[PDB]
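Asks: Here's a structure for you.
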Amino acid sequence: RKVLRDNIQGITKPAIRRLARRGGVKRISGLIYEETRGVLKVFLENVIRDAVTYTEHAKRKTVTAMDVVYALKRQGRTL
Amino acid sequence: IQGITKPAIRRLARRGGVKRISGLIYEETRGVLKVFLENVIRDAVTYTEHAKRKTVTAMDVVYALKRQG
Amino acid sequence: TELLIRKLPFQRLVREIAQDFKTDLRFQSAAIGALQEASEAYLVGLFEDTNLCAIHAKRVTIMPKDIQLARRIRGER
Amino acid sequence: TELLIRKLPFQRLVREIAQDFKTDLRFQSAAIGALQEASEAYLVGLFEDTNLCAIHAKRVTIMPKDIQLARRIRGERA
Amino acid sequence: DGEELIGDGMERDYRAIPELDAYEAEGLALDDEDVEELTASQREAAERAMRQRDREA
Amino acid sequence: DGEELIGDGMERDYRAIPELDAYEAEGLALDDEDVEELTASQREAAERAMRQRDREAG
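What follows is the structure, encoded as structure tokens:
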């Protein structure tokens, strides 16, 4: 039926937990999840807006990995 | 170092909105300033050596500053 | 270990975000991947910084103000 | 003209530092000015972030650890 | 206060969810496409435009 | 504990000192200076050299 695959929205709470665990965090406030989602969105928006723009100047509708690499290099941090 | 005076450091801290300081702040700040200046100037001087003059210029400095980041 | 973000949800997120920029966009797989690697690195580093803030405040539990302080100092907004 | 670091002590600091890298140097005063503008801007910003840290720890008094944190998060830490 | 990240039941966060664990084909540009990257002038032009929009904001 | 930056007496820090408030002349551009900026060749040479300098350190 794939009700799951169809209804998934944004990144999951256990992903956030895995991320915080990787960054060495021990306990999190409940408000962290929402905050993190917000932070991610802004990040992606900033990279993709650039990537997309690069793509426009390449005269294509397909975004390559090099477009993303250049986009990230614009925001710095890192490759 | 050591021409960076306590009053200078207080003036700076005040300008940065700081209302009160530990006693060890002075030394820390000097340390920090030193490193910063050592970096920039090094770069600047290199720009000057390549320019083949003994005189450092505002542009050399601007480039050296640009280079930090 | 070794999983962080799940692929499909992330893909969906990227596409949804990219819509508002340009309609009928297409991504190479490598590009989605690149964004995912970058995003994971970003968030993990940010949690390291966030944690430094919480520790500075004598807390084990990180909080939104920890993230906010970290991003403030990094100059993000 | 807002007083932060006095001109003369600063000029002498720059020259003293530089005398290591290269002997017998000259500076356009505009160069010294650019260094001073940049140094004071740097320190003021650093102090703003340091302050943020102190406040985060519920202190009004800033400490070396506040500077060290701010510098860490800016990624200067070398 | 908060949630302990390390403790009993953390393994729950580490399982496989097959349906979520792979990219789908929708949106994907694949495969045989000959698509080529930015030249240095295309790149420089784009970055110019992005400096511009950054100035305007 | 700490030291207050704001309070009775802080005027001390704000005094004008003409001897110290200007760059002395030793030593600086003669201002009779005929000086040349950086040709991009020398700029690029410089930044290449410095890049290498950095690499061999960290």
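Protein chains in written order, with UniProt numbering: chain H, 20 to 98; chain D, 27 to 95; chain V, 59 to 135; chain C, 59 to 136; chain Z, 68 to 124; chain G, 68 to 125. A virtual CB, placed ideally from N, CA and C, is assigned to each residue, including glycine.
Which of helix, strand or coil does DSSP assign to residue 132 of chain C?
Replies: The answer is coil: DSSP assigns residue 132 of chain C none of H, G, I, E or B.
Asks: Compare the C-alpha of residue 104 of chain G against each of D/91, D/35 and D/86 and name the closest.
Replies: Considering only alpha carbons, the answer is D/86.
Asks: Using DSSP with H/G/I as helix, E/B as strand and the rest coil, what is residue 41 of chain D?
Replies: In the structure shown, residue 41 of chain D sits in a helix (DSSP, three-state: H, G or I).
Asks: What's the call for residue 124 of chain G, buried or exposed, on a 16-neighbour Cβ count within 10 Å?
Replies: Exposed, because fewer than 16 other Cβ atoms sit within 10 Å of the Cβ of residue 124 of chain G.
Asks: For residue 95 of chain H, would you say it is in contact with chain V, using Cβ-to-Cβ distances shorter than 8 Å as the test?
Replies: Closer than 8 Å: no.
Asks: Could you tell me the boundaries of the alpha helix (DSSP H) in which residue 118 of chain C lies?
Replies: First-last for residue 118 of chain C: undefined, no H or E at that position.
Asks: List the residues of chain D that residue 109 of chain G touches, going by C-beta distances under 9 Å, in chain order.
Replies: Correct list: 73, 76, 77 and 78.
Asks: So who's on the other strand from residue 71 of chain H, going by DSSP bridges?
Replies: Its beta-bridge partners do not exist; DSSP assigns none.
Asks: For residue 63 of chain H and residue 98 of chain H, what's the separation of their Cα atoms in angstroms?
Replies: Cα to Cα, residue 63 of chain H sits roughly 15 Å from residue 98 of chain H.
Asks: Along the chain, where does the alpha helix (DSSP H) containing residue 110 of chain G start, and where does it finish?
Replies: Segment 107 to 122, the alpha helix (DSSP H) holding residue 110 of chain G.
Asks: At the 8 Å Cβ level, is residue 25 of chain H part of the contact set with chain V, yes or no?
Replies: Taking Cβ atoms only, chain V never reaches closer than 8 Å to residue 25 of chain H, which makes this a no.
Asks: Would residue 91 of chain D and residue 66 of chain D qualify as a contact pair, given that the criterion is a beta-carbon distance under 8 Å?
Replies: Going by C-beta atoms, residue 91 of chain D is nearer than 8 Å to residue 66 of chain D.
Asks: Could you tell me which chain Z residues have their CB closer than 8 Å to the CB of residue 49 of chain H, listed as they occur along the chain?
Replies: Per Cβ cutoff of 8 Å: 69 and 70.
Asks: Should residue 107 of chain V be labelled buried (16 or more other beta-carbon atoms within 10 Å of its own) or exposed?
Replies: By the neighbour-count rule (16 or more Cβ atoms within 10 Å), residue 107 of chain V is buried.
Asks: Candidates V/123, V/104 and V/99: which alpha carbon is nearest residue 61 of chain V's?
Replies: Selected option, being the one with the closest Cα: V/99.
Asks: Am I right that residue 68 of chain C and residue 86 of chain C are in contact with their C-beta atoms under 8 Å? What's the rounded C-beta distance?
Replies: The Cβ separation is near 15 Å, so there is no contact.
Asks: Which residue wins for smallest C-alpha separation from residue 78 of chain D, given the options G/115, G/95, G/106 and G/121?
Replies: Among G/115, G/95, G/106 and G/121, the Cα nearest to that of residue 78 of chain D is on G/106.
Asks: Assuming residue 84 of chain D contacts residue 63 of chain C (C-beta within less than 8 Å), just tell me the rounded distance between them.
Replies: Their Cβ separation, rounded to whole angstroms, is 18 Å, which puts residue 84 of chain D and residue 63 of chain C out of contact at 8 Å.
Asks: Using a threshold of 8 Å, state whether the C-beta atoms of residue 27 of chain H and residue 72 of chain Z are closer than that.
Replies: In this structure, residue 72 of chain Z does not lie closer than 8 Å to residue 27 of chain H by Cβ.
Asks: Kindly list, in the order they appear in chain G, the residues whose Cβ is closer than 7 Å to that of residue 61 of chain D.
Replies: None at all; the shortest Cβ gap to chain G is about 14 Å.
Asks: I'd like to know if residue 70 of chain C contacts chain D, where contact means its C-beta is closer than 8 Å to some C-beta of that chain.
Replies: So yes, residue 70 of chain C belongs to the interface.
Asks: Just verifying my parser: in three-state terms, what is the DSSP assignment at residue 84 of chain V?
Replies: Residue 84 of chain V: strand per DSSP, three-state reduction.
Asks: Can you give me the Cβ contacts of residue 112 of chain C inside the same chain, cut-off strictly under 6 Å, excluding the 5 residues immediately before and after it?
Replies: 120 and 124.
Asks: When Cβ atoms are compared, which residues of the segment 70 to 90 of chain C fall closer than 7 Å to chain D?
Replies: Listed by position, the residues of the segment 70 to 90 of chain C near chain D (Cβ gap below 7 Å) are 70, 71, 72, 75, 76, 79, 80, 82, 83, 84, 85, 86, 88 and 89.
Asks: Using a 10 Å radius around the Cβ and a threshold of 16 neighbouring Cβ atoms, would you call residue 71 of chain C buried or exposed?
Replies: Buried.
Asks: Under the assumption that residue 116 of chain G contacts residue 72 of chain D (Cβ atoms under 8 Å), give the Cβ distance between them as a whole number of angstroms.
Replies: Confirmed, about 7 Å.
Asks: State buried or exposed for residue 92 of chain G, treating a residue as buried only when at least 16 other CB atoms are found within 10 Å of its CB.
Replies: Exposed: under 16 other Cβ atoms inside 10 Å.
Asks: Can you have a look at residue 40 of chain D and say buried or exposed, based on whether 16 or more other CB atoms are within 10 angstroms of its CB?
Replies: Residue 40 of chain D should be labelled buried.
Asks: Check the Cβ of residue 64 of chain C against every Cβ in chain G and list those closer than 8 Å, keeping chain order.
Replies: In chain order: 84, 87 and 88.
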